[PDB]
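Everything on this sheet refers to the single structure shown next.
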Amino acid sequence: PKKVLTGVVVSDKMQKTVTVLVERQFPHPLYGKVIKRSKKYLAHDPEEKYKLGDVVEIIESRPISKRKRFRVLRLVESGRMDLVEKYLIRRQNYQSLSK
Amino acid sequence: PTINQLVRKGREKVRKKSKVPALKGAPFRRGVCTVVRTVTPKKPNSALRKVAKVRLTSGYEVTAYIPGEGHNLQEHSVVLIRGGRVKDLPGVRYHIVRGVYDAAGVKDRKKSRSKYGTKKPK
Amino acid sequence: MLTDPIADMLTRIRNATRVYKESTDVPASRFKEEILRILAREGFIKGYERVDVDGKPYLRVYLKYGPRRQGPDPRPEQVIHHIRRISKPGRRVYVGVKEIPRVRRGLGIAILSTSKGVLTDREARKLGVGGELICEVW
Amino acid sequence: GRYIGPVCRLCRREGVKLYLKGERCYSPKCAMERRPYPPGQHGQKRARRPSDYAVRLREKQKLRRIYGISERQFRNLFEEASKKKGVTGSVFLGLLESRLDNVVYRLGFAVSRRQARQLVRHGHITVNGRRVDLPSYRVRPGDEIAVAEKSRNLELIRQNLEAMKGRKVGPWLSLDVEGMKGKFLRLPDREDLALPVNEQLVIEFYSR
Amino acid sequence: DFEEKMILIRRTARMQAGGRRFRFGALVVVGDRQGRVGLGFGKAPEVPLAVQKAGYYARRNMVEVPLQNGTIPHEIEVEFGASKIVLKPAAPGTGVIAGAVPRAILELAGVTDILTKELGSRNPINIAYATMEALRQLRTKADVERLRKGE
RNA sequence: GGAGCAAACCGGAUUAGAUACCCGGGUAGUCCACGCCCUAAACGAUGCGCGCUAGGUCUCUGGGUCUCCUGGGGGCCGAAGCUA
RNA sequence: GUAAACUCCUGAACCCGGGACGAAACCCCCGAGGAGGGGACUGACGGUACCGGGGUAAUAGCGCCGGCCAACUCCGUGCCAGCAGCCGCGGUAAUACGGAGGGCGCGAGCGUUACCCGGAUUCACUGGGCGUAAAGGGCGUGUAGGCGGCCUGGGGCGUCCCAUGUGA
RNA sequence: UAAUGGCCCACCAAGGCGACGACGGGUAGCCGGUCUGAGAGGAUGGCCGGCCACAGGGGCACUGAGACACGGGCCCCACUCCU
Ligand SMILES: [Mg+2]
Ligand SMILES: [Mg+2]
Ligand SMILES: [Mg+2]
Ligand SMILES: [Mg+2]
Ligand SMILES: [Mg+2]
Ligand SMILES: [Mg+2]
Ligand SMILES: [Mg+2]
Ligand SMILES: [Mg+2]
Ligand SMILES: [Mg+2]
Ligand SMILES: [Mg+2]
Ligand SMILES: [Mg+2]
Ligand SMILES: [Mg+2]
Ligand SMILES: [Mg+2]
Ligand SMILES: [Mg+2]
Ligand SMILES: [Mg+2]
Ligand SMILES: [Mg+2]
Ligand SMILES: [Mg+2]
Ligand SMILES: [Mg+2]
Ligand SMILES: [Mg+2]
Ligand SMILES: [Mg+2]
Ligand SMILES: [Mg+2]
Ligand SMILES: [Mg+2]
Ligand SMILES: [Mg+2]
Ligand SMILES: [Mg+2]
Ligand SMILES: [Mg+2]
Ligand SMILES: [Mg+2]
Ligand SMILES: [Mg+2]
Ligand SMILES: [Mg+2]
Ligand SMILES: [Mg+2]
Ligand SMILES: [Mg+2]
Ligand SMILES: [Mg+2]
Ligand SMILES: [Mg+2]
Ligand SMILES: [Mg+2]
Ligand SMILES: [Mg+2]
Ligand SMILES: [Mg+2]
Ligand SMILES: [Mg+2]
Ligand SMILES: [Mg+2]
Ligand SMILES: [Mg+2]
Ligand SMILES: [Mg+2]
Ligand SMILES: [Mg+2]
Ligand SMILES: [Mg+2]
Ligand SMILES: [Mg+2]
Ligand SMILES: [Mg+2]
Ligand SMILES: [Mg+2]
Ligand SMILES: [Mg+2]
Ligand SMILES: [Mg+2]
Ligand SMILES: [Mg+2]
Ligand SMILES: [Mg+2]
Ligand SMILES: [Mg+2]
Ligand SMILES: [Mg+2]
Ligand SMILES: [Mg+2]
Ligand SMILES: [Mg+2]
Ligand SMILES: [Mg+2]
Ligand SMILES: [Mg+2]
Ligand SMILES: [Mg+2]
Ligand SMILES: [Mg+2]
Ligand SMILES: [Mg+2]
Ligand SMILES: [Mg+2]
Ligand SMILES: [Mg+2]
Ligand SMILES: [Mg+2]
Ligand SMILES: [Mg+2]
Ligand SMILES: [Mg+2]
Ligand SMILES: [Mg+2]
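Residue numbers (PDB author numbering), protein chains in the order written: chain ZA, 2 to 100; chain UA, 5 to 126; chain QA, 1 to 138; chain MA, 2 to 209; chain NA, 5 to 155.
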């Protein structure tokens, strides 16, 4: 199978490409408590139909950049700006631990 | 800690320091003597103990004990040390193996003999 | 602010039995009522009751003990000495059916919510099911 | 010698004779009959209470000298029954009482078991077909323990087998007499063979 | 019919104007090796007196023990103040795998197969007390089906 | 800003000595405005939220049917339990 | 210490004799350069493994012995000589030093050093703590995160079961 | 190029990444398995089998189905001998 993953748009500042937040979760290898992990995927968008905050999902495919290996398979949810707001915020934090 | 705290900061393994660093992972290192002298034990013992400063193959320069009923050793004696601390000699963490190299094993021992480079007599 | 209701229930009883009480109540839950029912129809306590405190639902749980002792402490034997959450809101605990644990070598038991319902180990062994490990008791 | 030395003494330490020596150790003449007390410049002296190490060990050494075998050989077999799916105590005996140099013994072919080893390592015995000469052969049930040719008429054969006519051997090794043989029957039970050793103790010592 | 077993025994002092003034203690167990036991701590100015002072002590104070075949039914563990001891029942042909002190209990109870482990303060005195209270709390399939067999 | 007090300082004494304790002086400082510093035995040597598990009395503050019940604070004994 | 001596018995070694398996197929011939069939060659190890006979009483060490830790006396020595893994032993009556007698344990090995886990529930998920033993942030506000009451109902990512591929 | 690709050019846009630890430093061939431990864990990759990378250090291409090739070629450093 080609892997199919699911995430939220966070970048349409790229021509014909979109970044998406593929969260994932599993139980801890020693401590049982399940954990959630995240990994931004660069996903090709043939006609930048997809806008920000869209909950869509990707598709394993042939390389079309240095980093694009996936495309949008199909949109599902839409206008989910709360989520972009919660990850944009995560970065906003960063410029504060610096020295 | 709570499991989450645990998840985050995690437990932490601790390493043992190798109490015989001059070995450099070996079982023994060769070397020469620079000085053979006697030296008093700390509290609460008293006796002139025989030691040796040994300049090593490993570029080192360490202190070592000479066990036995007297010894021959003088400076420039090719020699060999193995791990082993003396309790009441602060600092000494190595013993010269009697018998190998220019440090040959003690005369006229018969009991516990193999630990002192003496052959079996007949 | 009340994290977990189940463990508080499981402990509400505990405090109440070690001081040797008649009954006790607990914020009624459809799910909770099943745990109780296992403990109830295990013979582990007398029973619970569809009770209602001040227009808010509760379950009057009726406790079990044993005969007067003889020693300087006539204080009765216990029916349910031990009880604790296995899984916690902190770290949840899911198990396979291959990995269900024997309790007190069968003396006591363990409950677990399964995809079919709340069961005990051998119940859940027999339906051959995994689940969330709610408690060990004896 | 690796174990070949002064022997009807060992028991003086053990405090219970291994009935060791062969014919002599049945006679009012065994070291333990005449002078029963630990050897050496003491032993005539009393006894401080034996600690659990002393305890657990001294039953081990007994059992070890009952077959006169080396620790490296001994250690193996013990660990083996602990691995083997079953009751270690009984089974461990179930290997000892299965060594050929021991089967030769309990079939009465030889006097003291120490003697028996020699006969073994001289092809004087042949299990089933060809001759064996391994002391440590783990004999199997249903096997045929025989006696060779430059042997079948030899002295101690004659002499020692003479006594086995009349003698009732263990309930697990049917001895034919003067036909020079016997079949190892079943793997012998715990009860089946009595030794002056509570072997459960030997389990503890090792498993330390 | 009975049977003794003389555990650790100690000299302790009590400084009075004259000099470091001594006395002795003595830990001990009596056993029948088929289901009953008892532990007794005795204290008198002399070794064997305090020894067989713990004589009467070990015999009066007592308790049963439900060794099934040659082992306890359910494992338990016990913190006594802060000195913990665990004990899991064992399959036949296993033996007293246990500390010095726990062994003294279980041989005189009659236990053979048993796996144990001392945690916390391994001070032998309390461990003994711990191991007793442990053997007090053991139950059997009948013991439960009397308090789930509701009258 | 500066009355009292008071490190530093000065003198007196006490002592073997007294750069100290006790005494006669005395400046920063102690007070105000504004701005820094950010430590402490910053202690209940006891992180914050919630639910449960006997009572006895001594108070602080509410509401009542201000009897002596119903809330919220502060103290002391003390069941159970915990505690080396 | 039955230890020896000695009596009797065996017969490692050692000489002799004989002597492999491992190798049936490439090839040739019947046939159809095919099935099937039949015939032939080839052993480095190696005169080895081994089987048969003659046959001699044939090396034993190293560690330890105050406690943990099994095993004790005599002497020499006098905080010297030295031992020691911790605790410690030795300053004229030392089971701890060195010799010995004996004892203990393993045995063609016994010690020693070095290294890894172990014991170390002493980084604790299993499995610890923080009033006085090392440990509560001086106190608040709140970002991210972590966690979160009761009752329907939908999906079924977690979780679960079955079959299956896979896990050489 | 056998083939997807900032693999490489061109020209355009201005983005990509980071406390779920980017970037920098130190260390290391990885695995089947091995050692240990009651286990959970801890430690470990020599024999042997699977993959990787190199052949005194560094580049580079030609031949070829396959190499950028220990016992092939070219060039630069080091080393060794022939003259
Ligand atoms: Mg890439
Ligand atoms: Mg000195
Ligand atoms: Mg000299
Ligand atoms: Mg000289
Ligand atoms: Mg000698
Ligand atoms: Mg919850
Ligand atoms: Mg249901
Ligand atoms: Mg002999
Ligand atoms: Mg012996
Ligand atoms: Mg089994
Ligand atoms: Mg018979
Ligand atoms: Mg073991
Ligand atoms: Mg073990
Ligand atoms: Mg009686
Ligand atoms: Mg002690
Ligand atoms: Mg402790
Ligand atoms: Mg009963
Ligand atoms: Mg003034
Ligand atoms: Mg003034
Ligand atoms: Mg002002
Ligand atoms: Mg003002
Ligand atoms: Mg200002
Ligand atoms: Mg503090
Ligand atoms: Mg808050
Ligand atoms: Mg109050
Ligand atoms: Mg108080
Ligand atoms: Mg002969
Ligand atoms: Mg020859
Ligand atoms: Mg042909
Ligand atoms: Mg042909
Ligand atoms: Mg040849
Ligand atoms: Mg002869
Ligand atoms: Mg002879
Ligand atoms: Mg002889
Ligand atoms: Mg002779
Ligand atoms: Mg020592
Ligand atoms: Mg003298
Ligand atoms: Mg003295
Ligand atoms: Mg002494
Ligand atoms: Mg000797
Ligand atoms: Mg060995
Ligand atoms: Mg562990
Ligand atoms: Mg603790
Ligand atoms: Mg204090
Ligand atoms: Mg949040
Ligand atoms: Mg469905
Ligand atoms: Mg299949
Ligand atoms: Mg599978
Ligand atoms: Mg497999
Ligand atoms: Mg190519
Ligand atoms: Mg392209
Ligand atoms: Mg342009
Ligand atoms: Mg990194
Ligand atoms: Mg490595
Ligand atoms: Mg393993
Ligand atoms: Mg193990
Ligand atoms: Mg590795
Ligand atoms: Mg690969
Ligand atoms: Mg290279
Ligand atoms: Mg290649
Ligand atoms: Mg290439
Ligand atoms: Mg190429
Ligand atoms: Mg050049």
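Yeah, the Cβ is synthetic: ideal placement off N, Cα and C, and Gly gets one too.
**Request:** Tell me whether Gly131 (chain QA) counts as near ligand 7, meaning its Cβ is closer than 7 Å to at least one heavy atom of that ligand.
**Result:** Your numbering for residue 131 (chain QA) matches position 131 in the third sequence. No.
**Request:** Report yes or no: is there a C-beta of chain NA within less than 8 Å of the C-beta of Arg75 (chain QA)?
**Result:** Within the third sequence, numbered from 1, the residue matching residue 75 (chain QA) stands at position 75. Judged by the 8 Å Cβ criterion, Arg75 (chain QA) is not in contact with chain NA.
**Distance between beta carbons of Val67 (chain NA) and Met10 (chain NA), contact taken as under 8 Å** = Counting from 1 along the fifth sequence, the entry for residue 10 (chain NA) is found at position 6. Counting from 1 along the fifth sequence, the entry for residue 67 (chain NA) is found at position 63. Between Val67 (chain NA) and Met10 (chain NA) the Cβ distance is about 20 Å, and since that is not below 8 Å, they are no contact.
**Asked** Identify the residues that DSSP records as bridge partners of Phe26 (chain NA): which are they?
**Response** Working through the fifth sequence from its first residue, we reach residue 26 (chain NA) at position 22. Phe26 (chain NA) is bridged to NA:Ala17.
**Request:** Give me whichever residues DSSP pairs with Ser12 (chain ZA) in a beta bridge.
**Result:** The sequence position of residue 12 (chain ZA) within the first sequence is 11, counting from 1. Paired residues: ZA:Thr20.
**Prompt:** Among residues of its own chain, excluding the 5 on either side of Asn94 (chain ZA), which ones have a beta-carbon nearer than 8 Å to its beta-carbon?
**Reply:** Taking the first sequence and counting its residues from 1, one reaches residue 94 (chain ZA) at position 93. Cβ neighbours of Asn94 (chain ZA) beyond the five flanking positions: none.
**Message:** Please confirm whether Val93 (chain QA) has its beta-carbon closer than 8 Å to some beta-carbon of chain ZA.
**Reply:** Position 93 of the third sequence, counting from 1, holds the residue named residue 93 (chain QA). Yes, contact with chain ZA.
**Neighbour flag for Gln201 (chain MA) against chain NA, beta carbons, 8 Å** = Position 200 of the fourth sequence, counted from the start, is the residue given in the question as residue 201 (chain MA). By this cut-off, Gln201 (chain MA) is an interface position.
**Asked** Any idea what DSSP makes of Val51 (chain NA), helix, strand or coil?
**Response** Here residue 51 (chain NA) corresponds to residue number 47 of the fifth sequence, with the count starting at 1. In the structure shown, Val51 (chain NA) sits in a helix (DSSP, three-state: H, G or I).
**Prompt:** With which residues is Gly128 (chain QA) paired in a DSSP beta bridge?
**Reply:** Here the question's residue 128 (chain QA) lines up with position 128 in the third sequence. The partner list for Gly128 (chain QA) (beta bridge, DSSP) is empty, contrary to what the question assumes.
**Asked** Closest by CA to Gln42 (chain MA), which one among MA:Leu157, MA:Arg14 and MA:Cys26?
**Response** The residue you call residue 42 (chain MA) lines up with position 41 of the fourth sequence. Cα-wise, what sits closest to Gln42 (chain MA) is MA:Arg14.
**Prompt:** Nearest-angstrom Cα distance between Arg14 (chain NA) and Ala54 (chain NA)?
**Reply:** Residue numbering aside, residue 14 (chain NA) sits at position 10 when the fifth sequence is read from its first letter. Residue numbering aside, residue 54 (chain NA) sits at position 50 when the fifth sequence is read from its first letter. Looking at the two C-alpha atoms, the distance is approximately 10 Å.
**Prompt:** Taking Cβ-Cβ distances shorter than 8 Å, what residues in chain NA pair up with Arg105 (chain QA)?
**Reply:** Within the third sequence, residue 105 (chain QA) is the residue found at index 105, counting from 1. By Cβ distance, chain NA contributes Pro77, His78, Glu79 and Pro93.
**Buried/exposed call for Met9 (chain QA), threshold 16 Cβ in 10 Å** = Walking along the third sequence from the start, residue 9 (chain QA) turns up at place 9. Answer is buried; the Cβ neighbour count reaches 16.
**Prompt:** Once you ignore the five residues that flank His29 (chain ZA) on each side, which residues in its own chain have a CB closer than 6 Å to its CB?
**Reply:** Residue 29 (chain ZA) sits at position 28 when you count from the first residue of the first sequence. Only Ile36 meet the Cβ criterion.
**Asked** Would you say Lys21 (chain QA) faces chain NA, with C-beta separation under 8 Å as the test?
**Response** Counting from 1 along the third sequence, the entry for residue 21 (chain QA) is found at position 21. Judged by the 8 Å Cβ criterion, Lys21 (chain QA) is not in contact with chain NA.
**Chain-ordered chain ZA contacts of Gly90 (chain QA) [CB-CB under 8 Å]** = Along the third sequence, one-based indexing puts residue 90 (chain QA) at 90. Within 8 Å of the CB of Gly90 (chain QA), the CB atoms of chain ZA belong to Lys34, in sequence order along the chain.
**Prompt:** Along chain NA, which residues have their Cβ under 8 Å away from the Cβ of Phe44 (chain QA)?
**Reply:** Counted from its first residue, the third sequence places residue 44 (chain QA) at position 44. By Cβ distance, chain NA contributes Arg152.
**Item:** Cβ pair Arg91 (chain QA), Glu136 (chain QA) closer than 8 Å
**Value:** Taking the first residue of the third sequence as position 1, residue 91 (chain QA) is located at position 91. Taking the first residue of the third sequence as position 1, residue 136 (chain QA) is located at position 136. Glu136 (chain QA) sits away from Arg91 (chain QA), with the two beta carbons spaced by 8 Å or more.
**Request:** State yes or no: is the C-beta of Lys40 (chain ZA) within less than 8 Å of the C-beta of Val23 (chain ZA)?
**Result:** Translated into positions along the first sequence, residue 40 (chain ZA) becomes position 39. Translated into positions along the first sequence, residue 23 (chain ZA) becomes position 22. For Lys40 (chain ZA) and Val23 (chain ZA), yes; Cβs fall inside 8 Å.
**Request:** With a 10 Å radius around its C-beta and 16 neighbouring C-beta atoms as the bar for buried, classify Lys57 (chain NA) as buried or exposed.
**Result:** Residue numbering aside, residue 57 (chain NA) sits at position 53 when the fifth sequence is read from its first letter. A residue is called buried when at least 16 other Cβ atoms come within 10 angstroms of its Cβ; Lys57 (chain NA) meets this threshold and is buried.
**Prompt:** Quick one, which of MA:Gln201, MA:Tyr207 and MA:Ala149 has its alpha-carbon nearest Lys182 (chain MA)'s?
**Reply:** As a position in the fourth sequence, residue 182 (chain MA) is number 181, starting the count at 1. Cα-wise, what sits closest to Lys182 (chain MA) is MA:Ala149.
**Request:** Could you round the C-beta distance between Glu8 (chain NA) and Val41 (chain NA) to whole angstroms and report it? I think they count as a contact, below 8 Å.
**Result:** Within the fifth sequence, numbered from 1, the residue matching residue 8 (chain NA) stands at position 4. Within the fifth sequence, numbered from 1, the residue matching residue 41 (chain NA) stands at position 37. In fact, because the Cβ distance is near 12 Å, the residues do not count as touching under 8 Å.
**Host beta strand (DSSP E) of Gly108 (chain QA) (start-end)** = Within the third sequence, numbered from 1, the residue matching residue 108 (chain QA) stands at position 108. It is not in any beta strand (DSSP E) - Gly108 (chain QA) carries neither H nor E in the DSSP assignment.
**Prompt:** So what's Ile45 (chain QA) in DSSP terms, helix, strand or just coil?
**Reply:** For the purposes of this step, residue 45 (chain QA) is taken as the residue at position 45 of the third sequence. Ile45 (chain QA) falls in the coil class under three-state DSSP.
**Item:** chain QA contact for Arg63 (chain NA) (CB, 8 Å cutoff)
**Value:** Position 59 of the fifth sequence holds residue 63 (chain NA). So no, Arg63 (chain NA) is outside the interface.
**Request:** Determine the burial state of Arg91 (chain ZA): buried for a count of at least 16 other Cβ atoms within 10 Å of its Cβ, exposed for fewer.
**Result:** For the purposes of this step, residue 91 (chain ZA) is identified with residue 90 of the first sequence, where counting begins at 1. Classification of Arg91 (chain ZA): exposed, given that the 10 Å Cβ count is below 16.
**Asked** Are the beta-carbon atoms of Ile118 (chain NA) and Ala94 (chain NA) separated by less than 8 Å?
**Response** Numbered from 1 along the fifth sequence, position 114 holds the residue referred to as residue 118 (chain NA). Numbered from 1 along the fifth sequence, position 90 holds the residue referred to as residue 94 (chain NA). In this structure, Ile118 (chain NA) sits near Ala94 (chain NA), with a CB-CB distance shorter than 8 Å.
**Asked** On the three-pair Cβ rule with 8 Å, is the stretch 2-19 of chain MA touching the stretch 111-126 of chain QA?
**Response** no
**Item:** 7 Å Cβ cut-off: residues of chain NA touching residue 1 (chain MA)
**Value:** Residue 1 (chain MA) lies beyond the residue range present for chain MA, which begins at 2 and ends at 209; the question has no answer from this structure.
**Asked** Secondary structure at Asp52 (chain QA), three-state DSSP: helix, strand or coil?
**Response** As a first step, residue 52 (chain QA) must be located in the third sequence, where it is residue number 52. In the structure shown, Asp52 (chain QA) sits in a strand (DSSP, three-state: E or B).
**Message:** Any residue with its Cβ nearer than 7 Å to a heavy atom of ligand 11 should be included. What is that list in chain order?
**Reply:** MA:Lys169, MA:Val170, MA:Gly171, MA:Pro172, MA:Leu174, MA:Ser175 and MA:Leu176
**Request:** List the DSSP bridge partners of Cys37 (chain UA).
**Result:** The count along the second sequence starts at 1 and reaches residue 37 (chain UA) at position 33. In the DSSP output, where bridge partners are listed per residue, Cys37 (chain UA) has UA:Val58.
**Asked** Should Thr116 (chain NA) be flagged as near chain MA, meaning a C-beta pair shorter than 8 Å?
**Response** The residue labelled residue 116 (chain NA) in the question sits at position 112 within the fifth sequence. It does; some Cβ of chain MA falls within 8 Å.
**Prompt:** If we count Cβ pairs, one from each stretch, closer than 8 Å, do we get three or more for the stretch 169-183 of chain MA versus the stretch 104-111 of chain MA?
**Reply:** yes
**Prompt:** Taking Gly44 (chain NA) as the reference, which of NA:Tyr61, NA:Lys121, NA:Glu79 and NA:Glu149 has the closest Cα?
**Reply:** Counted from its first residue, the fifth sequence places residue 44 (chain NA) at position 40. Checked all of NA:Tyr61, NA:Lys121, NA:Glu79 and NA:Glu149; the closest Cα to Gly44 (chain NA) is NA:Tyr61.
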